[PDB]
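Since every read-out is calculated from the coordinates, none of them should be taken as a lab result. Neighbour counts are summed over all protein chains in view; Cβ atoms, including those assigned to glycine, are modelled from backbone coordinates with ideal geometry.
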Ligand SMILES: [Cl-]
Ligand SMILES: [Cl-]
Ligand SMILES: [Mg+2]
Ligand SMILES: [Mg+2]
Ligand SMILES: [Mg+2]
Ligand SMILES: [Mg+2]
Ligand SMILES: [Mg+2]
Ligand SMILES: [Mg+2]
């Protein structure tokens, strides 16, 4: 699991 | 080297 | 405004100093002052604005999530009553976060977006409008939640339409916009299939354009493509 | 004060929430409000106060050091003149840092120290007074630098005298006080030999008392002893 990516 | 320790 | 007496160039200079010192609230205040001088922003200046507020609101969002989790647990069966304090403090952080979002959206509306004519600036600012309506949507629970969500959607959609017409598929702004609109679909709009389809098509179309790029542009584009891949791996 | 209308217990509860959310400025404001209720602080409450302000001032100090380094480089031979902005912004951060230190010292003087009669509270608060005069000393450059340094020294010395008479050599408050007074000697008072002697004697006297302790107290004390060792290794 990992916090989904945003930019 | 490392930043000396304080508490 | 408190920055009204400082030169535009000094505000930009101090924004860069604040970034080096990791003083992002100062950085945001300096860039707000620079925007309020009324001149359009350069590419570098637009990214100073976004970096500053992204870090400020990112900290507020992380804090809001911690407090919201504590609040939800307090409302589970068998949880001891502890009074109004958790809700009050979650509300305090929420109100501060909404204020930051309103400030950014106010700068975009007065008057960054209406003066932005080039694709790189207009898409950048519309992505920002979508992002900050998305952050409002993350905490929204009342009568206006659907309108907040549709405001985010509408801003992202205009940015997507322009980016597809005016930018190559490897453009870093286009890629980051698609990444975030995909997250919007997955997390906000309850549309995981749309989120996955957008991330895949964005990735594949960029892959096919990499051959046109210099080494430095290749590095910039593949970095964001990996973030799309990270999300696809998480979601499938 | 803005916290005057909130219950003492609610302020403490929200300070703990702020800590969980890493909102240390909020945490400090809550604990300031709790102190201003006028009742003495419990052991746990004293440590909430110190944690909050330590994190706030720690961030300000780190930022001040970044900016001071940039400023010093700008005053080297061959550096291009860039105007007053670096100095101004370093001064802004410096003034904010001094304000935090003055606030903490004001809480200690009105009226935490005068009501603290037990060794654990009195030594704790006098260590804090020494610490925040030390942070003022780090940025001091004018007529009052020597008096600021002597105020730090005097507070640390009173705390040391009490801790040696009233506490065992493994007491974590005594150990952390000695650690910080040693750093004061090394960094502020230009007395590295005193700094080294104090750290060594503190370490050795604690080592000889470890046999009296439970497993949990042993863990607490050896953790701080390792910090003394870290400094001795750095300094010799
Ligand atoms: Cl609150
Ligand atoms: Cl300034
Ligand atoms: Mg001008
Ligand atoms: Mg224009
Ligand atoms: Mg084009
Ligand atoms: Mg009461
Ligand atoms: Mg008393
Ligand atoms: Mg005793």
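Some values worked out for this structure:
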quantity	calculated
Residue within the stretch C:178-190 that is touching a residue at least 12 places away in the same chain (Cβ under 8 Å), within 27 Å of residue C:61 (Cβ to Cβ) and assigned to a loop (DSSP other than H, G, I, E, B) present	yes
Some residue of the stretch D:8-25 being within 17 Å of the chain's Cα centre (by Cα), free of Cβ contacts under 8 Å to residues at least 40 places away in the same chain and more than 16 Å from ligand 6 (Cβ to nearest atom)	yes
Residue within the stretch C:96-103 that is touching a helix residue (DSSP H, G or I) at 6+ places or on another chain (Cβ under 9 Å) and part of a loop (DSSP other than H, G, I, E, B) present	no
Verdict on residue D:71 being in contact with a helix residue (DSSP H, G or I) (Cβ under 9 Å, 6 or more places away or on another chain) and within 12 Å of another protein chain (Cβ to nearest Cβ)	yes
Test result for residue C:83, within 16 Å of ligand 6 (Cβ to nearest atom), over 13 Å from the mean Cα position of the chain (by Cα) and over 24 Å from residue C:35 (Cβ atoms)	yes
Flag if residue C:37 is in contact with a helix residue (DSSP H, G or I) (Cβ under 8 Å, 6 or more places away or on another chain) and within 14 Å of chain D (Cβ to nearest Cβ)	no
Enumeration of residues in the stretch D:38-62 that are crowded, with 17+ Cβ neighbours inside 10 Å and either over 17 Å from the mean Cα position of the chain (by Cα) or not in a helix (DSSP H, G or I) (or both)	D:41
Filtered residue count, the stretch C:20-37, keeping only those that are surrounded by fewer than 18 Cβ atoms within 10 Å (Cβ to Cβ) and either within 16 Å of ligand 1 (Cβ to nearest atom) or within 18 Å of residue D:92 (Cα to Cα) (or both)	3
Residue within the stretch D:88-103 that is within 12 Å of chain C (Cβ to nearest Cβ), within 16 Å of ligand 2 (Cβ to nearest atom), under 16 Å from the mean Cα position of the chain (by Cα) and under 19 Å from residue D:28 (Cα atoms) present	yes
